[PDB]
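Structure first, commentary second.
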Amino acid sequence: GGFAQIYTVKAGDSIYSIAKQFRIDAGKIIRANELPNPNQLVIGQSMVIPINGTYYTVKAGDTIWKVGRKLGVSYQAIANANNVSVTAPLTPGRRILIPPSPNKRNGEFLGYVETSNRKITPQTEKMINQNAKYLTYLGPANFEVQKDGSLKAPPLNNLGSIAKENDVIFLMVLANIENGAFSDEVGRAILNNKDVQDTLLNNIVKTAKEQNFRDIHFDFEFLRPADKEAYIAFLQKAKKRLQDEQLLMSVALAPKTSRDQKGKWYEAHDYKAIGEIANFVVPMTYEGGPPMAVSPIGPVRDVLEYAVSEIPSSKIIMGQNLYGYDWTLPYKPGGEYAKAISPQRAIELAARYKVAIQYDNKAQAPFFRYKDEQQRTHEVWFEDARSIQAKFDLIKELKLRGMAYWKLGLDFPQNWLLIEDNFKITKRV
């Protein structure tokens with residue numbers, strides 16, 4: 001980190017002892033974190049302390065003009081930020097505020113809104129409109145591409161307006177989905193018929209002009225390995241067409257860790273070739289499987305380090321989940337699907353069923369188990385300020401373009417606080 005103050009609730013904490021510790025009003029902490037449980041804080045719960053800069057814990061020898069030299073910060077800035085004389089004594093063990101470095105790097109952020117087969121609410125849209133402040137791209141999932149080259153459009157609700165008013169590029173998500181699943185057959189029909197491709201591109205361009213979509217996002221998945229080359233040829237064809245219309249082109253990539261990795265899901269995506277053609281790409285670095293972290297940082301790193309070896313890092317937007325899952329144990333394949341939940345809901349569950357939140361250092365993700373009123377054990381994996389910050393650190397380390405979020409509308413206040421703390425948000429309109 002180094003740009004945001006992240007605090008993990010400890011035994012005995014109250015919202016007021018935390019407020020005192022950081023010399024900030026409890027109201028600001030509660031509002032910024034939309035705390036569902038301000039009088040029932042959970043051990044292991046993480047929150048962002050809403051200020052510009054971060055805190056330094058005073059040590060035995062410390063002074064202010066000193067801390068100015070030991071860091072790279074104006075001493076008057078430190079003094080003013082803490083409301084003290086420059087020659088003011090410093091009590092060890094207490095925190096002093098250090099103003100933020102002037103230099104945040106730029107980042108592009110993408111938000112998917114799932115509207116297919118749904119009627120999203122005014123409340124959800126209000127939330128999306130708030131999120132859009134922090135976004136570079138946003139659009140509805142999905143336009144379903146048909147075998148004849150026509151498009152089945154999703155509900156657009158108010159997303160075009162939300163995008164426009166927040167200087168966000170309206171993004172057209174194209175998917176080979178039939179009956180609620182990715183279809184290799186739909187992929188085959190389009191990628192092996194040039195007439196259908198022309199019809200498809202006409203429909204894409206027509207739709208883009210009608211709604212002012214300005215990025216065309218191809219999310220073709222589970223293609224036949226046999227159609228690998230055909231996909232590249234189609235994307236080359238699409239790229240020429242879209243550039244002529246001043247449209248951006250982006251492509252979703254199945255998460256891979258090597259060039260000759262086999263499997264119906266992965267073979268048909270040539271990272272290097274697609275990376276050359278697309279303006280940017282999105283490796284799907286997030287997850288009816290068993291309990292585990294949704295996007296464990298080890299495997300995520302492996303996929304992204306491979307991506308960078310094939311594709312300029314400045315073209316890579318990493319995928320990220322805004323949800324966690326609640327599994328009912330014992331887990332059994334074929335049985336019930338885990339319940340998707342917001343991180344706020346996860347906190348509420350830990351509070352309700354009186355358990356601490358744990359943190360997996362290996363996965364860099366929070367989790368806990370709890371027992372419900374039928375004495376069934378649940379296991380919950382979700383996201384918090386710590387886990388998102390770890391991903392942002394990875395973006396900076398690997399010099400990536402930014403992050404793509406599945407899916408907007410979910411309640412996760414700390415994500416948005418941390419984007420602004422860590423990045424200058426790119427606006428392209």
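Neighbour counts run over all protein chains shown; Cβ positions are idealised from the backbone, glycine included. Each value in this text was obtained by applying a stated rule to the coordinates, not by laboratory testing.
With the contact rule set at Cα under 8 Å and sequence spacing of 6 or more, what percent relative contact order holds for region 304-422?
Details: 176 pairs, mean separation 41.6, N = 119.
That works out to 35 percent.
So how do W381, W265, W65 line up by other beta-carbon neighbours within 10 Å, fewest first? Please list the in-between numbers first.
Details: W381 27, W265 17, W65 13.
The most exposed by this proxy come first: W65, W265, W381.
Starting from the amide H of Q5, placed 1.01 Å from N in the peptide plane, find each other amide H under 5 Å away whose residue is 5 or more places distant or on another chain.
It is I49, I51, by chain and number.
Expressed as a rounded percentage, what relative contact order does region 323-382 have, with Cα pairs under 8 Å and six or more residues apart?
Details: 92 pairs, mean separation 23.7, N = 60.
Worked out over region 323-382, it gives 39 percent.
How much net charge surrounds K332 when only the other residues with a Cβ under 14 Å from the Cβ of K332 are counted, with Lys and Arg +1 and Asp and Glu -1?
Numbers: positive: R376; negative: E336, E379.
Net of charged neighbours comes to -1.
What list of ³J(HN,Hα) couplings, whole Hz, do you get for region 316-322 from phi and the Karplus terms 6.51, -1.76, 1.60, once you set θ to phi - 60° and write x for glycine and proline?
Using θ = phi - 60°, the values come out as 9, 9, 7, x, 8, 7, 9 Hz.
So, in Å, what gap is there between the alpha-carbon centers of region 1-79 and region 237-297?
Their Cα centres are 39 Å away from one another.
For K272 and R105 in the same chain, what is the full-extension length gain: residue separation times 0.36 nm, less their Cα-Cα distance, in nm? Before the final figure, lay out the partial values.
Working: separation 167, 0.36 × 167 = 60.12 nm, distance 2.57 nm.
The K272-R105 span can extend by a further 57.6 nm.
Output the relative contact order of region 1-127, whole-number percent, from Cα pairs under 8 angstrom with separation of 6+ residues.
Details: 145 pairs, mean separation 31.9, N = 127.
With pairs under 8 Å counted, the relative contact order is 25 percent.
Provide the gained length on full extension for the span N279 to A11, in nm with one decimal, where the gain is 0.36 nm per separating residue minus the Cα-Cα distance.
Values: separation 268, 0.36 × 268 = 96.48 nm, distance 4.83 nm.
Going from the current span to full extension adds 91.6 nm.
What FRET efficiency, computed as 1/(1 + (r/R0)^6) with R0 = 22 Å and r the Cβ-Cβ distance, is obtained for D372 and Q40, rounded to the nearest 0.05? Intermediate results must be reported in sequence, preceding the final value.
Values: r = 18 Å, r/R0 = 0.82.
For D372 and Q40, the calculated efficiency is 0.75.
Quote the FRET efficiency, to the nearest 0.05, computed for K228 versus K396 with a Förster distance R0 of 41 Å and r equal to the Cβ-Cβ distance. Walk me through the intermediate numbers first.
On the way: r = 33 Å, r/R0 = 0.80.
Computed FRET efficiency for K228 and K396 comes out at 0.80.
Taking the beta-carbon count within 10 Å as an exposure proxy, list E245, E348 from fewest neighbours to most.
Details: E245 13, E348 16.
Taking fewest neighbouring Cβ atoms as first place, the list is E245, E348.
Which entries of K264/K407; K371/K391; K332/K396; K240/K262; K240/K315 have Cα-Cα distances beyond 28 Å here?
Numbers: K264/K407 25 Å; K371/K391 30 Å; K332/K396 39 Å; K240/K262 30 Å; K240/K315 18 Å.
The answer is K371/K391; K332/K396; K240/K262.
State the answer as a single residue: which of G93, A230, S258 lies farthest towards the positive end of the charge dipole of the chain, with beta carbon charges of +1 for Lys and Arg and -1 for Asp and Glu, about the Cα centre.
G93
Exposure proxy check: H217, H378 ranked by fewest other beta carbons within 10 Å? All intermediate terms of the calculation are to be shown ahead of the outcome.
On the way: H217 27, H378 20.
Least crowded to most crowded, the residues run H378, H217.
In nm, to one decimal, how far is the modelled label at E185 from the one at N83, with both set 7 Å along Cα→Cβ?
That separation, rounded to one decimal, is 7.0 nm.
Given the -39500 (n - 2.57) contribution per DSSP H run of 4+ residues, what per-residue ellipticity at 222 nm results for the chain, rounded to the nearest 500 deg cm²/dmol?
Numbers: 14 runs with 144 residues, N = 429.
Only helices count here, giving -10000 deg cm²/dmol.
Under 1.5 on a/c is rounded, so check that first for region 323-382, then, if it is not, pick prolate when a/b is larger than b/c and oblate when it is not; a ≥ b ≥ c are the square roots of the alpha carbon gyration tensor eigenvalues.
Values: a/c = 1.59, a/b = 1.18, b/c = 1.34.
Oblate, because a/c is 1.5 or more while a/b does not exceed b/c.
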